[PDB]
Amino acid sequence: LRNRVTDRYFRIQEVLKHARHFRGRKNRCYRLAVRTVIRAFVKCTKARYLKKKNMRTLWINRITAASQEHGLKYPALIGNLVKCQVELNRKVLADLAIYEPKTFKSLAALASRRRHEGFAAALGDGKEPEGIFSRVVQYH
Amino acid sequence: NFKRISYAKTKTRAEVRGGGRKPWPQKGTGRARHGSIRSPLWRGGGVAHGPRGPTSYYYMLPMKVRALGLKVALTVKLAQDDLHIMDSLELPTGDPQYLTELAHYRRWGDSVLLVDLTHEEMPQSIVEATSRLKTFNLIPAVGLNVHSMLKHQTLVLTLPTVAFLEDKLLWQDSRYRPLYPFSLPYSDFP
Amino acid sequence: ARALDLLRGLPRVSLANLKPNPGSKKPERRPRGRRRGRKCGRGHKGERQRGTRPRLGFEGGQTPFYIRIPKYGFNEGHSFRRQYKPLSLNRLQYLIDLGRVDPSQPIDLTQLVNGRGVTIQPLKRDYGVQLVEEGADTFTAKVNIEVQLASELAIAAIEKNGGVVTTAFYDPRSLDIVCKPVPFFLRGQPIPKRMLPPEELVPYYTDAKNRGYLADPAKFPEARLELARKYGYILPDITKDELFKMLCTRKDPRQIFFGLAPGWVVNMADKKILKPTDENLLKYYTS
Amino acid sequence: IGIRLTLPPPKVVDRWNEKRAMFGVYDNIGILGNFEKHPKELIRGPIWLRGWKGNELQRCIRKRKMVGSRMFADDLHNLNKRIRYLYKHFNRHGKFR
Amino acid sequence: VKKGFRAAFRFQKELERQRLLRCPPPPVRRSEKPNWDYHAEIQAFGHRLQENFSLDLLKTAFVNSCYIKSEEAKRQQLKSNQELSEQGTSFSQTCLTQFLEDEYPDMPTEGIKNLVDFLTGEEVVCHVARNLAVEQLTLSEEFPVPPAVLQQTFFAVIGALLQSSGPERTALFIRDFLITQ
Amino acid sequence: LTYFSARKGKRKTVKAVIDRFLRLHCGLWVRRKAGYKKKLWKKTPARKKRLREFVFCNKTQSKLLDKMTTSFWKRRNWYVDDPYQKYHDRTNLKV
Amino acid sequence: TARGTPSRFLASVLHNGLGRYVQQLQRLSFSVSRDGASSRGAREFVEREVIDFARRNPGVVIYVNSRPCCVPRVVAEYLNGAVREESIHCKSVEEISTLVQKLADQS
RNA sequence: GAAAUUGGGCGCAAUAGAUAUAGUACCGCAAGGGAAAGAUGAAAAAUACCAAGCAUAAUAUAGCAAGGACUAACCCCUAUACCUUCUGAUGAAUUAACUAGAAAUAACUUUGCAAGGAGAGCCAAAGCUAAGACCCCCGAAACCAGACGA
RNA sequence: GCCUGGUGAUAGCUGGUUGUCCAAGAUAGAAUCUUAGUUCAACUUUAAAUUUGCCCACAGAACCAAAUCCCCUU
RNA sequence: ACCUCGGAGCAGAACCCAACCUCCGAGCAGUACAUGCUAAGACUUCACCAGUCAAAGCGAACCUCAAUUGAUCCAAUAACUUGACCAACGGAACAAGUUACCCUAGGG
Ligand SMILES: [Mg+2]
Ligand SMILES: [Mg+2]
Ligand SMILES: [Mg+2]
Ligand SMILES: [Mg+2]
Ligand SMILES: [Mg+2]
Ligand SMILES: [Mg+2]
Ligand SMILES: [Mg+2]
Ligand SMILES: [Mg+2]
Ligand SMILES: [Mg+2]
Ligand SMILES: [Mg+2]
Ligand SMILES: [Mg+2]
Ligand SMILES: [Mg+2]
Ligand SMILES: [Mg+2]
Ligand SMILES: [Mg+2]
Ligand SMILES: [Mg+2]
Ligand SMILES: [Mg+2]
Ligand SMILES: [Mg+2]
Ligand SMILES: [Mg+2]
Ligand SMILES: [Mg+2]
């Protein structure tokens with residue numbers, strides 16, 4: 001052996017500090033721990049996409065539930081709040097739903113009022129006065 | 001590296017002892033197919049690509065590059081303020097401690113390379129003083145190289161060695177390509 | 001220089017500061033890791049991965065390119081053909097101008113070697129120098145050259161200016177002693193006699209038109225007169241000027257060096273010349 | 001666990017040894033001693049590789065022709081087989097041709 | 001026996017770390033470890049909080065009475081803390097009652113007394129003074145610094161800030177460290 | 001070919017290559033055309049004129065022939081009355 | 001990964017922005033070899049940048065130890081008694097400046 | 001594939017290096033094959049922490065055994081083991097150690113010198129000299145020579 | 001037969017080829033005792049020199065469908 | 001049954017395009033003896049090897065067909081030239097059957 005490898009405890013231990021919490025021999029036997037540790041890191045990076053996705057569906061569940069408390073449905077609320085130029089997002093609406101339910105009730109009132117003006121406006125067709133909450137603020 | 005010769009050798013799978021016949025048959029056993037007990041996979045087998053024999057690392061740079069290397073070492077020692085020129089290496093006494101005290105007083109350095117013109121005509125005092133010191137080394141002017149000018153912090157020439165080095169190194173500039181080696185006789189060389 | 005003045009301010013150059021010129025050392029590529037080795041550059045398992053690709057030229061079974069083609073003798077007698085290094089007159093004027101070839105002496109082949117004007121190698125069967133007409137206009141030198149071949153226009157360009165050309169012959173042995181004479185006088189042998197040309201070259205060196213060294217010195221004024229008429233210059237007589245005694249000197253055939261004789265042993269060490277006085281040796285060396 | 005538990009004894013190196021202090025002297029014996037010796041006549045080693053560098057097949061060929069007559073019997077035999085192997089390897093195997 | 005030194009050194013220090021995790025030493029005070037200049041670090045404690053002190057007065061704010069007694073127990077082989085801590089706790093009690101009577105006018109005074117006795121409790125004040133580097137500068141007898149002692153040094157530091165730069169800056173100090181609790 | 005001989009450890013030339021081809025110093029290999037002296041009775045004179053020609057070689061044929069000879073064959077040759085001597089240096093290329 | 005590592009909630013030390021802002025970094029401890037190639041950028045940091053740095057925030061007390069080390073370190077200590085030891089091994093002065101300002105800015 | 005001619009260690013350090021502590025033990029009728037292994041200290045007239053495997057400490061619905069997480073180990077959600085061979089069956093109980101890219105023709109990059117280069121030989125119509133940088137491991141049936149065997 | 005040697009036999013066949021990170025990168029064929037392979041080409045890669053490349057409009061490309069070639073402008 | 005070369009379809013309109021795909025054929029004959037010599041520029045069977053076309057010139061007069069074929073080395077010959085059903089037609093200078101005794105390395 002001219003130069004054989006001295007510093008090999010530390011290469012193993014670079015892998016095995018990530019495996020100490022597995023089960024079975026994956027927690028100790030480098031050959032098994034490498035496949036599981038690699039595979040854990042791949043899951044760990046593909047899970048960033050799913051973290052974002054699952055938060056958003058969680059918010060849609062909470063906005064759906066809270067808006068069904070006021071008779072609205074979820075598409076009605078989101079649509080007719082966009083149409084009022086209230087560009088709050090799903091995270092904030094879900095957090096208002098839980099922590100500030102009067103603000104959420106008033107947002108559901110603003111969205112159902114806008115929804116009815118959409119109905120009455122698109123029923124009596126022709127030149128008429130627009131709805132009060134139907135007006136938009138032009139930016140230039 | 002040019003003088004270097006590595007004596008490292010290992011044994012290949014042919015040179016290691018025994019291992020002439022198949023250990024077990026090719027197919028019938030459940031073991032791996034093997035051809036000798038001395039193949040490089042076995043504990044005790046030969047080495048597949050180990051060091052082979054004495055190897056020499058010999059190469060010559062052109063002599064103009066060696067000569068230019070000596071020049072460059074001299075200008076660098078002078079520019080870094082490490083060249084010192086004596087008129088002769090004649091000490092008032094032959095003790096080592098005198099020479100180390102002198103080198104400490106003039107702020108030379110930890111290690112001094114003293115260079116005299118010939119080995120025969122080196123004064124007895126500097127020979128007795130530097131033959132005992134580990135870091136102050138006498139060398140003839142022929143012995144001057146670049147590894148030992150960089151190894152030593154200061155370098156000390158005498159005036160005859162300076163004329164010698166100017167002669168021997170300014171010769172490589174303004175000389176023809178050789179017809180035959182310069183050890184052979186020429187019109188004007190020695 | 002500002003650069004040594006930079007070297008003042010920097011720490012001392014040591015064996016711990018040194019570094020190769022960037023670009024000198026390409027890094028070694030070796031087959032370890034994800035990129036440099038899994039198949040390690042051999043590709044998929046075939047014959048080129050196993051290591052056993054057939055010899056150079058093998059086209060896989062059809063008859064190879066370098067064998068479908070008829071043998072023709074381009075290189076038939078290549079190592080017996082004679083070669084002659086060219087020396088142009090542009091080159092020789094160049095050597096005379098820079099002090100490397102002294103034109104106030106005879107220019108033998110030793111003087112072109114010692115001025116390092118022409119490198120000739122007797123192995124690789126160079127038989128010496130041939131003069132070359134390149135630079136004939138703008139050649140202004142009175143010279144005495146001994147060159148083994150010479151074109152007519154090069155003879156004309158030398159002989160116009162008051163020069164003399166002759167074409168000598170040298171054996172490979174003799175040529176080898178001529179070019180580098182000093183490693184011959186360390187060989188200890190007596191100076192040999194140069195041999196006469198072979199039968200192919202005797203009609204060359206016995207013609208006065210190409211200034212042979214075995215030709216008549218009675219047919220030379222006719223040839224000098226003929227070139228002087230052909231190329232339109234009035235032929236100067238070499239007899240008048242002061243270099244004439246220099247411009248007349250030839251060494252006879254069977255004499256390799258100029259002032260020396262065959263059979264002498266040059267003693268380089270104590271600067272003597274040992275000459276033989278036995279009659280059999282004198283019959284052999286003065287043959 | 002192939003790692004050592006106590007750290008090894010320290011490696012005391014004398015940089016101002018006789019060999020180290022005088023390394024490299026007379027490498028320029030040619031260029032500033034009137035070319036009477038080459039530097040390759042300074043190197044000591046096997047007689048077949050003083051001032052000569054070759055790959056392994058050339059080292060073996062040179063060793064056989066320079067010193068092979070007084071080599072021992074099975075060393076000579078091993079060396080003949082190494083030239084025979086290395087011949088069959090350099091000349092018939094590899095990637096580039 | 002593999003030749004070399006670097007893997008044996010790394011492994012030597014990992015063994016040192018597992019020795020420190022298996023049997024950790026009892027915690028020593030900070031002034032008995034390297035990189036300590038007491039004076040420089042009192043000045044740093046001043047500039048850290050964004051105010052000025054008279055440095056000798058703050059120095060006496062960190063000097064307990066237990067430390068002098070065990071110190072003179074060590075002599076046989078300094079102004080105390082108590083005046084500044086008296087002034088500091090008297091002042092901080094009355095200023096906390098000022099703030100909490102101003103911003104809660106309807107509270108009973110039993111409630112204000114229990115709030116103020118929370119914001120000057122041992123739990124709160126000891127939690128605050130272990131993160132303002134008060135404990136590191138306390139000259140106490142025993143380590144860790146016992147909570148009654150450290151309460152006393154914290155209100156000594158308030159007393160020193162009072163004599164330094166008046167009641168308004170200490171009011172802002174007490175506002176920014178005790179009321180935010 | 002032989003990359004390292006057993007006697008010298010040098011490269012060897014393939015002597016078929018020398019026997020059939022002509023290396024000009026600029027790097028061009030000249031050859032003779034295959035079948036230039038076969039069945040001339042059944043070839044049209046245009047074709048016979050084409051076969052009696054000295055034809056240059058390809059780029060990869062040229063590099064294959066360079067690898068199969070050695071540096072002796074790649075060398076300047078100042079022959080006396082060489083027929084091919086005006087074809088060694090390459091005149092007037094613009095790459 | 002997150003299941004291997006511990007986690008915590010976002011916090012301050014003593015409500016660090018409410019009343020006033022307090023620099024959470026108490027001590028730095030540089031240790032720099034005098035002769036040694038790894039602490040070159042540390043040397044040029046002590047000579048150029050550490051005095052300016054020491055003036056830009058006086059609540060931080062800085063100790064430059066300058067012993068024969070083989071790897072130079074900086075040791076940041078924080079008000080809540082945390083200790084971050086980072087190396088400044090073979091770093092330029094600019095890289096050390098960004099590291100020290102990084103340690104200053106955090107808690 | 002000529003000839004004339006020319007003229008001590010940038011080693012190994014107990015799977016390494018010798019097969020070697022020994023051609024011993026063992027195996028074979030025989031020729032012949034052929035091992036393994038030791039570690040205190042100045043004195044024996046001074047008797048820690050670390051592989052796999054386990055134990056301390058068995059187990060709790062669900063599923064390539066994780067990841068996102070989470071107050072919370074599990075429960076929720078996402079997720080067709082690795083190598084190799086195919087366009088898309090093979091091998092591996094596990095740990096430790098050992099175990100596989102060797103050539104500088106030409107080109108390129110970097111120096112030196114430059115119509116010359118090279119410390120003879122060799123090349124040269126900007127070349128030549130020097131360096132750097134490219135070419136694996138295991139596995140048959142066989143054939144031949146000489147022994148040992150009824 | 002078996003052993004030792006030649007012998008590291010040979011194997012176009014099977015299996016295997018060990019740090020990191022980035023970049024560019026896939027489908028015409030012709031010969032061959034050749035179709036389990038090689039050689040040339042095509043494609044691919046780097047470096048270098050230069051000047052056009054790609055897309056395309058009129059006009060144009062034979063007698064006995066979809067389109068393509070060619071091609072200035074852009 | 002086939003193995004090389006050519007024509008047509010496949011593949012309708014530049015080029016190219018397979019098959020143990022569909023149909024025809026070829027392995028010559030005839031005439032001329034300037035079927036002399038040279039030489040710009042091109043095409044090209046997807047490489048190479050082979051193939052094709054050719055103005056001007058010198059010298060003279062005043063080729064048809066589609067395929068109609070064979071490298072190198074070697075022979076024969078003073079020379080010019082000539083030499084294979086080398087048809088397995090890019091051709092090894094000359095080598096058959098069989099093994100349920102087969103054997104090994106592999107593939108399905
Ligand atoms: Mg989404
Ligand atoms: Mg053997
Ligand atoms: Mg074998
Ligand atoms: Mg071994
Ligand atoms: Mg061994
Ligand atoms: Mg052994
Ligand atoms: Mg364990
Ligand atoms: Mg599940
Ligand atoms: Mg792998
Ligand atoms: Mg018997
Ligand atoms: Mg093999
Ligand atoms: Mg094969
Ligand atoms: Mg990419
Ligand atoms: Mg064939
Ligand atoms: Mg095959
Ligand atoms: Mg165009
Ligand atoms: Mg083509
Ligand atoms: Mg065939
Ligand atoms: Mg065929």
Side-chain angles (χ1 to χ4, degrees), chain A residues 1 9 22-25 28-29 31 35-36 39-40 43-44 47 50-51 54, chain B residues 4 6-9 12-14 17-18 20-21 26 33-35 39-41 43-44 48-49 51 59-65 68 177-182, chain C residues 21 23-26 28 30-34 37-40 46-47 50-54 58-63 65 67-70 121 123 180 183, chain D residues 1-3 5 30 35 38 44 55-56 81 85 89-90 94-96, chain E residues 1 15 18-19 22, chain F residues 3-4 7 11 34-35 40 44-45 49 58 60-61 66-67 70-71 75-76 89 95, chain G residues 1-3:
Chain A
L1 281 314
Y9 174 74
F22 295 174
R23 288 180 44 160
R25 310 195 205 97
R28 296 170 304 249
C29 300
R31 167 200 293 280
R35 310 197 191 108
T36 315
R39 193 160 159 75
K43 293 173 188 279
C44 181
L50 293 170
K51 177 170 169 179
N54 293 318
Chain B
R4 184 252 174 117
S6 84
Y7 292 96
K9 182 174 186 185
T12 194
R13 58 182 293 177
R17 173 68 154 234
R21 97 275 205 97
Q26 175 67 23
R33 33 167 60 184
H34 283 105
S39 79
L41 304 197
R43 172 239 148 86
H49 301 299
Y59 66 108
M60 278 288 123
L61 297 178
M63 72 169 73
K64 292 179 190 169
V65 179
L68 202 141
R177 23 85 65 99
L179 294 180
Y180 47 72
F182 297 107
Chain C
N21 200 4
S24 308
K25 270 55 189 285
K26 267 179 63 196
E28 176 167 4
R30 46 191 314 252
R32 268 90 172 109
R34 185 171 91 84
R38 169 262 210 105
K39 301 281 198 184
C40 301
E47 192 182 12
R50 263 60 168 256
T52 323
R53 264 197 285 176
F58 186 68
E59 294 189 7
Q62 71 170 352
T63 51
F65 170 67
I67 273 180
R68 292 178 73 68
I69 292 173
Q121 45 199 338
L123 313 312
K180 301 186 286 302
Chain D
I1 319 98
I3 190 159
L5 274 312
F35 298 92
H38 199 283
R44 299 165 71 82
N55 66 333
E56 188 191 355
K81 290 201 293 183
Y85 174 75
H89 173 76
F90 286 155
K95 174 173 184 191
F96 293 104
Chain E
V1 175
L15 287 179
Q18 286 177 8
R19 289 180 184 105
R22 188 192 65 188
Chain F
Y3 294 88
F4 297 95
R7 302 291 201 106
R11 290 172 83 99
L40 285 187
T44 182
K49 166 66 160 56
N58 202 353
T60 66
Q61 284 166 359
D66 282 329
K67 290 182 186 296
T70 60
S71 309
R75 160 237 155 68
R76 303 287 299 184
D89 183 75
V95 176
Chain G
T1 59
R3 288 175 87 111

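The figures that follow rest on heavy atoms only: side chains count, while hydrogens, waters and symmetry mates do not. Chain letters run A, B, ... following the sequence lines, proteins first and then strands; every chain starts at 1.
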Checklist entry - Would you call H:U99 syn or anti, using the 90° rule around 0? => result anti
Item to check | Heavy-atom pair with the smallest gap, counting every atom of F:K67 and F:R11 | outcome: O-NH2, 2.8 Å
Checklist entry - Using a cut-off of 4.0 Å on non-hydrogen atoms, how would the nucleic acid contact of A:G24 be classed: base, sugar-phosphate, or nothing? => result nothing
Item to check | Pairing between H:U61 and H:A100, Watson-Crick or wobble, both under 3.5 Å | outcome: no
Checklist entry - For F:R7, which contact category applies under a 4.0 Å heavy-atom criterion: base, sugar-phosphate, or nothing? => result sugar-phosphate
Item to check | Between J:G83 (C1') and F:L40 (CG): distance, integer Å | outcome: 13 Å
Checklist entry - H:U105 with H:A93: Watson-Crick or G-U wobble pair, both contacts under 3.5 Å? => result no
Item to check | Pair flag H:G32 x H:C98, Watson-Crick or wobble criteria, under 3.5 Å | outcome: no
Checklist entry - Given that both distances must come in under 3.5 Å, which nucleotide forms a Watson-Crick or G-U wobble pair with H:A66? => result H:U78
Checklist entry - Looking across every strand, which nucleic acid part, if any, lies under 4.0 Å from C:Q121 by heavy atom: base, sugar-phosphate, or nothing? => result base
Checklist entry - When you check the phosphate oxygens OP1 and OP2 of I:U20, does a side-chain N or O of C:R32 lie under 4.0 Å from one of them? => result no
Checklist entry - Of the non-hydrogen atoms in A:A40 and G:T1, which two are nearest, and what is the gap between them? => result O-CG2, 3.9 Å
Checklist entry - Reckon F:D66 touches a base, only the sugar-phosphate, or nothing at all at heavy-atom distances under 4.0 Å? => result nothing
Checklist entry - Does a donor on one side chain and an acceptor on the other come within less than 3.5 Å for C:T63 and C:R68? => result yes
Checklist entry - I:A11 P sits how many Å from B:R33 CZ, rounded? => result 15 Å
Item to check | Sugar pucker assignment (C1'-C2'-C3'-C4' positive north, negative south) for J:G12 | outcome: south
Item to check | Six-ring stacking criterion satisfied by H:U19 and H:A20 (under 5.5 Å, under 30°) | outcome: yes
Checklist entry - Can you tell me how far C1' of J:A92 sits from CD1 of C:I67, to the nearest Å? => result 12 Å
Checklist entry - When syn is taken as a glycosidic angle within 90 degrees of 0, is J:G57 syn or anti? => result anti
Next on the checklist: Does F:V95 reach a base, just sugar-phosphate, or nothing at all? Heavy atoms under 4.0 Å.
Outcome noted: nothing
Next on the checklist: If we define stacking as six-membered ring centres under 5.5 angstrom apart and planes under 30 degrees, are the neighbouring bases H:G112 and H:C113 stacked?
Outcome noted: yes
Checklist entry - Using Watson-Crick and G-U wobble pairs with both distances under 3.5 Å, what is the 5'-to-3' dot-bracket string of RNA chain I, with [ ] for crossing pairs and | for pairs outside the strand? => result |.||||......|.||............((((....))))...................((......)).....
Next on the checklist: Without decimals, in angstroms, what is the distance between D:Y85 OH and I:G6 P?
Outcome noted: 15 Å
Next on the checklist: Please classify the nucleic acid contact of E:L15 as base, sugar-phosphate, or nothing, using heavy-atom distances under 4.0 Å.
Outcome noted: base
Checklist entry - Is the phosphate of I:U7, meaning OP1 or OP2, less than 4.0 Å from a side-chain N or O of B:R13? => result no
Next on the checklist: Could you tell me the Watson-Crick or G-U partner of J:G97, where both distances fall under 3.5 Å? Say none if there is no partner.
Outcome noted: none
Checklist entry - With positive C1'-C2'-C3'-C4' meaning north and negative meaning south, how does I:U7 come out? => result south
Item to check | Base paired to J:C48 (Watson-Crick or G-U; both N/O distances under 3.5 angstrom) | outcome: J:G90
Next on the checklist: For the structure I just gave you, are H:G91 and H:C82 base-paired, Watson-Crick or wobble, with both distances less than 3.5 Å?
Outcome noted: yes
Checklist entry - What does F:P45 touch in the nucleic acid at a heavy-atom separation under 4.0 angstrom: a base, only the sugar-phosphate, or nothing? => result sugar-phosphate
Item to check | Any donor-acceptor pair under 3.5 Å from C:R53 side chain to C:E47 backbone | outcome: no
Item to check | Rounded interatomic separation in angstrom, taking CZ from B:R21 and P from I:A9 | outcome: 16 Å
Next on the checklist: What contact category does F:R76 fall into here, base, sugar-phosphate, or nothing, at under 4.0 angstrom with non-hydrogen atoms?
Outcome noted: base
Item to check | Sugar-phosphate, base or nothing in reach of A:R23, heavy atoms under 4.0 Å | outcome: sugar-phosphate
Checklist entry - Taking only residues two or more places apart in sequence, or in another chain, which ones meet C:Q121 in a side-chain hydrogen bond (donor to acceptor under 3.5 Å, both in side chains)? => result none
Next on the checklist: Could you check H:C74 for me: syn (within 90° of 0) or anti?
Outcome noted: anti
Item to check | Phosphate OP1/OP2 of I:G19 contacted by C:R34 side-chain N/O (<4.0 Å) | outcome: no
Checklist entry - Is B:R177 touching bases, backbone alone, or none of the nucleic acid, heavy atoms closer than 4.0 Å? => result base
Checklist entry - Using a heavy-atom cut-off of 4.0 Å to chain C, what are the terminal contacting nucleotides of RNA chain H, in 5' to 3' order? => result H:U6 to H:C136
Next on the checklist: Base contacts versus sugar-phosphate-only contacts with protein, heavy atoms under 4.0 Å: please encode nucleotides 23-39 of chain I as B, S and - from 5' to 3'.
Outcome noted: --------SB----BBB
Next on the checklist: Taking J:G36 first: does it form a Watson-Crick or wobble pair with J:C58, both atom distances below 3.5 Å?
Outcome noted: yes
Next on the checklist: Considering every strand and a 4.0 Å limit on heavy-atom distances, what is the contact class for F:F4: base, sugar-phosphate, or nothing?
Outcome noted: base
Checklist entry - What residues, two or more places apart in sequence or in another chain, satisfy side chain to side chain contact (heavy atoms under 4.5 Å, CB included) together with D:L5? => result E:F11, E:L15
Item to check | RNA chain J: 5'-proximal contact among C:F65 and C:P70 (nearest heavy atom) | outcome: C:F65
Checklist outcome for this item: With sequence neighbours left out, the residues meeting ring-ring contact (aromatic ring centres under 6.0 Å, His included) with F:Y3 are none
Next on the checklist: Does C:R68 contact J:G91 through a side-chain donor or acceptor facing the base, at a distance under 3.5 Å?
Outcome noted: yes
Next on the checklist: Would H:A65 be called syn or anti here, given the cut-off of 90° from 0?
Outcome noted: syn
Checklist entry - Taking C1'-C2'-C3'-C4' as the guide, is H:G132 a north (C3'-endo side) or a south (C2'-endo side) sugar? => result north
Next on the checklist: Using a heavy-atom cut-off of 4.0 Å across all strands, would you classify F:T70 as base, sugar-phosphate, or nothing?
Outcome noted: nothing
Checklist entry - Does NZ belonging to C:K39 count more than 12 external heavy atoms closer than 6.0 Å? => result yes
Next on the checklist: Taking any heavy-atom pair under 4.0 Å as a contact, classify C:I69: base, sugar-phosphate, or nothing.
Outcome noted: sugar-phosphate
Checklist entry - H:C135 on H:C136: ring centres under 5.5 Å and planes under 30 degrees? => result no
Checklist entry - What does J:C21 pair with, Watson-Crick or G-U, if both distances are under 3.5 Å? => result J:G9
Checklist entry - With both distances under 3.5 Å required, do J:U52 and J:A42 pair Watson-Crick or G-U wobble? => result yes
Next on the checklist: Regarding D:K81, tell me which of base, sugar-phosphate or nothing describes its non-hydrogen contacts under 4.0 Å with the strands shown.
Outcome noted: sugar-phosphate
Item to check | H:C12 sugar pucker (north/south) via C1'-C2'-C3'-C4' | outcome: north
Checklist entry - Where is the tightest heavy-atom contact between C:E59 and C:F65, given as atom of each residue plus distance? => result OE2-N, 2.6 Å
Item to check | Nucleotide J:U69 sugar, north or south by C1'-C2'-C3'-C4' | outcome: north
Checklist entry - Is there stacking between H:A58 and H:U59, using centres under 5.5 angstrom and an angle under 30 degrees? => result yes
